[PDB]
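Protein chains in written order, with the authors' numbering: chain c, 1 to 486, 490 to 739; chain X, 652 to 668. The next block holds one structure in the form of C-alpha cells; read it before the comments.
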Amino acid sequence: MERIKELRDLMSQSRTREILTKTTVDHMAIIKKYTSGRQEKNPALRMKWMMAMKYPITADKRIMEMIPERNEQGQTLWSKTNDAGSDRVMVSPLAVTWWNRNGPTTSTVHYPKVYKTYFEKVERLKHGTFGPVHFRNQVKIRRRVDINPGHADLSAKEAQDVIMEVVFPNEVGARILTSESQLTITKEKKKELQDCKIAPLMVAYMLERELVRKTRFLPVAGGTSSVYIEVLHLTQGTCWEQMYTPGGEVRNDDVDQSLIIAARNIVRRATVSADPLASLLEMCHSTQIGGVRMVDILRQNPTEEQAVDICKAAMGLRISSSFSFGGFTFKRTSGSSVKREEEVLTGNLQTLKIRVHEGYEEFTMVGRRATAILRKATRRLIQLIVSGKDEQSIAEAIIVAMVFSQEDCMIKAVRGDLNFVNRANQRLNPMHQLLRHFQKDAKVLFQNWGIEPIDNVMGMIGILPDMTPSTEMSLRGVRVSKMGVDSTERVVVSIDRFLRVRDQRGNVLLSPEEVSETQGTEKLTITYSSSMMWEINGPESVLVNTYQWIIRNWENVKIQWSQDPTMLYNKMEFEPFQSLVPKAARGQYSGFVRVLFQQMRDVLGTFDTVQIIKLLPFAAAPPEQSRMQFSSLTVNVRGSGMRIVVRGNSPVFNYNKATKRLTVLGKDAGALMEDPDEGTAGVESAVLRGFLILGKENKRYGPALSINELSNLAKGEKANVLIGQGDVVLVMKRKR
Amino acid sequence: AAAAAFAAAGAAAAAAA
RNA sequence: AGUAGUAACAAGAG
RNA sequence: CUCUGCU
RNA sequence: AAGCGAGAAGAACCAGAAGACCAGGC
Ligand SMILES: *O[C@H]1[C@@H](OC)[C@H](n2cnc3c(=O)[nH]c(N)nc32)O[C@@H]1COP(=O)(O)OP(=O)(O)OP(=O)(O)OC[C@H]1O[C@@H]([n+]2cn(C)c3c(=O)[nH]c(N)nc32)[C@H](O)[C@@H]1O
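Below is the structure:
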C-alpha cells in the first residue's frame, strides 16, 4: 500500500523519523503551519512580477509524468526545479492551458451536487423575473441580513455532525445523529456523493456553506432574505430600484414574515386615513410581496397576526384572532387590554422601556409539545394551567407564560450579562431578550417568583421550582393538568370603517390599537404600485419622500397654501407622515402648525419657504386648539423620537443656503428655487404661536425667557426669549 | 395537531437538573 | 548622472 | 562558475 | 426575534444476653 510504504520511507530517514516519533498529534496543529515564507504584503505586485518569469506556478511532482515537458512548439511546460519549502515542482501557465486543452477528461456530473449552492444561484437567477426599474430616493439602512440561509432545522453543530458523517464517516468519533432531519439529509447526501473523487475537504467546505446559516451586516432597502441579498447589487441602488423576483421556491417563513411586515405597515398607514377600511383595501389590492400580489396571499397564508387578521377581515376572510409569542400561539378567549409604554429597571440594573398591556385578559396557549390556559392582569399572572407532555415542555410553557406576564419579579429575576441592544446599538425587543435569557437559565426566575399553597385539586397537581411535581405547594398561580387539555377555528367577523373587527356578538376582537408598533424589515421585497410609491416604506423613506414630494409640487403647493390651505392639509400625500407622528401629539402639532401658517399668511411678508416645507406635513391631522408652545415636533422612527426643530437647523431637516438644498436625515431631497416674495428680513413670524420674532436681542426688554413660560405675556410687550440652539432673540406678543 | 407557528429564542431551560 | 527623500537604489551572496 | 529578485 | 471559532466519559462501586434483685410512675 502506497501510504504505508511512504510511512516506512519516512521512518527510514533519521531526521524525519525523529520528527515523526517526537511530535504528537496535538503538536501537529502547531508544526503544520510551520512556514518560512511570510504572507505577501502586496500580492498584486508580486503576481504581476511573477507572471513574467518562465515558471511561476507550482504543481505536484506527478505532473512530470502526466504532462509532456514541452508542447509541439517546444515551450517548456514544466521544469526539474523543486518548489521552495515543498516537494512541488515549478510550472508555467502553459502547462495549465495544455491540461485544459488536451488533458485527461473525467466525469463531472457530481460537481453540481457538491457545489449545490453556486448552481442554485445560477438556476434561481436563470428563472428570475425582471420588472421595471424605478428611479426613487432610495434610503438604504444598514442592518444584519442573511447571505447563506443554511438548513434552518439543523443548528451549526448539527450541520457539522452531518458533514462529518457524510464526508468522514470513520472519523466521526462518538457522535451519533439523533434529529430526524440529520438522518434524512445525511442519507440523501451520501447517496448523491457516491463515488465522488472530489477532495473531501472541498466537499466538507461546500456542505458547511450550504447547511450552516451565515449572516452579514449590509446596507439594504428591500427584502432581507438570501434570495434577495445575493442580488442586492442588481436590485437596490443609490437612486433606483430594479423590481426583481428571484426564481424557484421561497421559504414559507420568509413569506410569512414579509406578509406580517406589509400588513403592519398597511394598517398603521390606513389608521390615519379618513376612510381606513377603503384605504386598507386599496393598499392590499395594490401591494405585492416577493412578486406575488398581497390580495391572493392572505387567502392562502394562515400566519396569525393581528395585522394579517385585520387585512383578512377587510377582504371577508375568516380570522383566527391569535398571535405568536415565544413559539406559542396565543388566542385571547376573553378580556381586553390597551397598550402603553412604560419604563422598568431589570434585575441586572439595566433600564428598559417595555410595552405593558393594561387590563385583565385570558389566553389559550398552544405549542408543539405543550398547551396551557392563562389569565393575567397588568403585570400580574392571575393563573396558568399547563398540560405539557414532558417536564421540558412544561418548563418552556411556564417560562413563556412568566415572561408574557411582564411581572416585576420576572423583570427583576434577570441575572448575568443580558444586553437589550445589539452590537450595532439597535434596540432589541425586550420581551424576546427576556425569553432568550430565561430559556437559557430559569433557576433564578423560579426561585424569585413565589410559591402558593395548593390543595388536592383533582387532576391539577402543582409544580415546584425544582421541576418536580408537588401536591401541597406550587409556583404562584401555576398548576399542571394531566387531562392533556388541547382554537384553530376561523370565526367569520365583520370589520367596520375604522378597522375595528367585531364577531357576530359584537365584542371588539381586533383593533388597530393592538397592532404592533415595531417597524420591522421584510424578508421578501415588498412593492407598492400606486401614484405615491412610498406609502408603506419605513420611517426614513416616508420622511424623505414626503419632503421631496413637497419640493417637487412646490409651485402649486405655494398657491394652494396661500389661497386654500385646508385642501392642502387634506392632501393624502401627508398621511403616511402622520402615521409616523405619535397619535397623542398629532392633533396638538397640527393645531400649532396651522396657527403658525395662518399668522404667516396674515403678516405681510415674513414668508419662509423652508419653514413651510418643514412644517407642512404636520398640518394634515385635524387641529386641536391648545396654548402649549412647541420647540420641536416629534416623529417616530424605529422606536426613536426624531425631533424636527421649529426654528433653526437640525439634522432631521436641513436647508443648506450655500447650495439652497434640503437634506432630510442625510438624504438629499432637492433644491428650493429662489422665491422673490420670501423676504425673511430677519423677522420670521412662523415659530411661536402668537409671537413675532424681532431678531437678535438687545438686553433692554429682558435678560431672557423660556419658550413654555413665555405665555405669561399679555399683549404688545416685547421680551427676550431663549428659543433655539442657545440663541436668545427678541420677540413680542402679536397685536392679534 | 399541536404545532408552533413560529418559535423564537433558544428554548429549553437549565433549571431542570 | 538619474530615481528618490530624512535613506536608500544605482545588483547582492557564495 | 552556482544561487536569489518580498527573506 | 436573535445570530460572528471547538466537546462526553477507561477501569469498577448486624447484631440478641438472660436471669435475679432494688428503686420508681402510673
Ligand atoms: O419578525 C417579527 C414578526 O414578523 C414581522 C415575526 N412573526 C410574528 N408572527 C410570526 C409568525 O407567525 N411566523 C413567523 N415566521 N414570524 C412571525 O416575529 C417578530 C415579531 O416580533 P416584533 O415584530 O419584533 O414585535 P412584536 O410583534 O410586538 O412581538 P412581541 O413583542 O414578542 O409580541 C408578540 C405579540 O404579543 C402580544 N402581547 C404581548 N403581551 C405581553 C400581550 C399582552 O399582555 N396582552 C395581549 N393582548 N397581547 C400581548 C404583542 O402585542 C404582540 O401581538
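Virtual Cβ for every residue (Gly too), placed ideally from N, Cα, C.
Next item on the list: Please go through the same chain and pick out, in chain order, the residues whose beta-carbon is closer than 8 Å to the beta-carbon of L77(c), but skip the five residues on each side of it.
Entry: Listed in chain order, the non-local C-beta contacts of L77(c) below 8 Å within the same chain comprise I67, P68, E69, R70, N71, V91, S92, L94, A95, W98, local neighbours out to five positions each way being set aside.
Notebook entry, point to check: Identify the residues that DSSP records as bridge partners of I451(c): which are they?
Noted result: In DSSP, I451(c) forms a bridge with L475(c).
Check: Sorted by chain position, which residues of the same chain lie with C-beta nearer than 7 Å to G335(c)'s C-beta, five sequence neighbours on each side aside?
Finding: If we look at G335(c) and ignore the five residues flanking it on each side, its Cβ neighbours are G359, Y360, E361, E362.
Checklist line | chain X within 8 Å of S324(c), Cβ atoms only | finding: Using a Cβ-Cβ cut-off of 8 Å, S324(c) counts as an interface residue toward chain X, since at least one Cβ of chain X sits closer than that to its own.
Check: Is it true that the stretch 365-382 of chain c meets the stretch 653-661 of chain X, where meeting means three or more beta-carbon pairs spaced less than 8 Å apart?
Finding: With a cut-off of 8 Å, the stretch 653-661 of chain X and the stretch 365-382 of chain c count as touching, because enough Cβ pairs lie within range.
Next item on the list: Please list, in chain order, all residues of the same chain as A204(c) whose beta carbon is under 6 Å from its beta carbon, the five residues on each side excluded.
Entry: Closer than 6 Å at the Cβ level, and outside the excluded window around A204(c), lie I163, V167.
Item checked: Residue closest to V414(c), alpha-carbon to alpha-carbon, out of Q426(c), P132(c), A372(c), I399(c) -> With respect to the C-alpha of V414(c), the residue from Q426(c), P132(c), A372(c), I399(c) having the closest C-alpha is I399(c).
Check: If you measure beta-carbon to beta-carbon, which residues of the stretch 418-446 of chain c are closer than 7 Å to chain X?
Finding: From the stretch 418-446 of chain c, only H432, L435, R436, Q439, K440, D441, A442, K443, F446 have a Cβ closer than 7 Å to chain X.
Check: What residues in the stretch 387-408 of chain c have a beta carbon less than 7 Å from any beta carbon of chain X?
Finding: Answer set for the stretch 387-408 of chain c: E391, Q392, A395, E396, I399.
Notebook entry, point to check: Hey, does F600(c) have any beta-carbon neighbour from chain X nearer than 8 Å?
Noted result: In terms of beta-carbon proximity, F600(c) stays away from the interface with chain X, with every pair separated by 8 Å or more.
Next item on the list: Identify, in the order they occur along the chain, each residue of the same chain with its Cβ nearer than 7 Å to the Cβ of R299(c), setting aside the five sequence neighbours on each side.
Entry: Once the five neighbours on either side are set aside, the close Cβ partners of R299(c) are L317.
Check: Can we count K312(c) as close to ligand 1, meaning its CB is less than 7 Å from some heavy atom?
Finding: No - ligand 1 has no heavy atom lying nearer than 7 Å to the Cβ of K312(c).
Check: Is the stretch 307-315 of chain c touching the stretch 267-287 of chain c, taking contact as three or more C-beta pairs under 8 Å?
Finding: A contact is defined here as three or more CB-CB pairs under 8 Å, and the stretch 307-315 of chain c meets this definition with respect to the stretch 267-287 of chain c.
Margin query: Using a Cβ-Cβ cutoff of less than 7 Å, which residues in the same chain neighbour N422(c) once the five nearest sequence positions on both sides are dropped?
Written below: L428.
Margin query: Cβ closer than 8 Å: which chain X residues qualify as neighbours of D486(c)?
Written below: Here the neighbours are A652, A653.
Notebook entry, point to check: Since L280(c) sits in a beta bridge, which residues does DSSP pair it with?
Noted result: Answer is none; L280(c) lacks a bridge partner.
Check: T530(c): buried (16+ other C-beta within 10 angstroms of its C-beta) or exposed?
Finding: Answer is buried; the Cβ neighbour count reaches 16.
Check: What residues from chain X crowd round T303(c), counting only those whose CB sits closer than 9 Å?
Finding: Simply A656, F657.
Next item on the list: State the DSSP-derived secondary structure class of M365(c), mapped to helix, strand or coil.
Entry: Strand.
Item checked: Alpha carbon of residue 489(c) to alpha carbon of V227(c), nearest angstrom -> Between 486 and 490 in chain c the model has nothing, and residue 489(c) is one of the residues in that span.
Notebook entry, point to check: Shortest alpha-carbon distance to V560(c) belongs to which of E538(c), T378(c), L502(c), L619(c)?
Noted result: Selected option, being the one with the closest Cα: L619(c).
Notebook entry, point to check: Whose Cβ in chain X lies nearer than 9 Å to the Cβ of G367(c)?
Noted result: Around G367(c), the beta-carbon contacts reaching into chain X at under 9 Å are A653, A654, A655, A658.
Check: Quick one: is the Cβ of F323(c) within less than 7 Å of any heavy atom of ligand 1?
Finding: Judged by the Cβ position, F323(c) qualifies as a neighbour of ligand 1 at the 7 Å threshold, a heavy atom of the ligand being closer than this.
Next item on the list: Say yes only if the C-beta of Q433(c) is nearer than 7 Å to one or more non-hydrogen atoms of ligand 1, and no if none qualify.
Entry: Not under cutoff, so the answer is no.
Checklist line | Beta carbon proximity, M467(c) to chain X, threshold 8 Å | finding: Yes - at least one Cβ of chain X is within 8 Å of the one on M467(c).
Next item on the list: Closer than 6 Å by C-beta to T271(c): which residues in its own chain qualify, once you throw out the five before and the five after it? Chain order, please.
Entry: Only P515 meet the Cβ criterion.
Item checked: chain X contact residues for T371(c), given Cβ-Cβ distances below 9 Å -> Contact note: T371(c) reaches chain X through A653, using a C-beta cutoff of 9 Å and chain order.
Note to self: Quick check on DSSP: helix, strand or coil for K718(c)?
What the structure shows: Residue state for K718(c) is assigned as coil, using DSSP reduced to three classes.
Margin query: Is there a C-beta anywhere in chain X that falls below 8 Å from the one on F328(c)?
Written below: Yes, its Cβ sits closer than 8 Å to a Cβ of chain X.
Checklist line | Bounding residues of the alpha helix (DSSP H) (the contiguous stretch that carries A707(c)) | finding: Taken as a continuous stretch (DSSP letters only), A707(c) belongs to no alpha helix (DSSP H), as it is neither H nor E.
Item checked: C-alpha distance - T117(c) paired with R213(c), whole-angstrom precision -> Approximately 12 Å between the Cα atoms of the pair.
Item checked: Close beta carbons around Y572(c), own chain, < 6 Å, minus the five adjacent residues each side -> So the qualifying residues of the chain are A622, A623.
Margin query: I'd like the span of the beta strand (DSSP E) that includes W240(c), first residue to last.
Written below: Looking at the DSSP string, the run of the beta strand (DSSP E) that includes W240(c) is 240-245.
Notebook entry, point to check: Does ligand 1 have a heavy atom nearer than 7 Å to the CB of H110(c)?
Noted result: Checking the Cβ of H110(c) against ligand 1 gives no.
Check: In this structure, what does DSSP give as the bridge partners for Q288(c)?
Finding: Paired residue(s): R293(c), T530(c).
Notebook entry, point to check: Using a threshold of 7 Å, is the CB atom of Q306(c) nearer than that to any non-hydrogen atom of ligand 2?
Noted result: As for ligand 2, it is missing from this structure, which binds only ligand 1.
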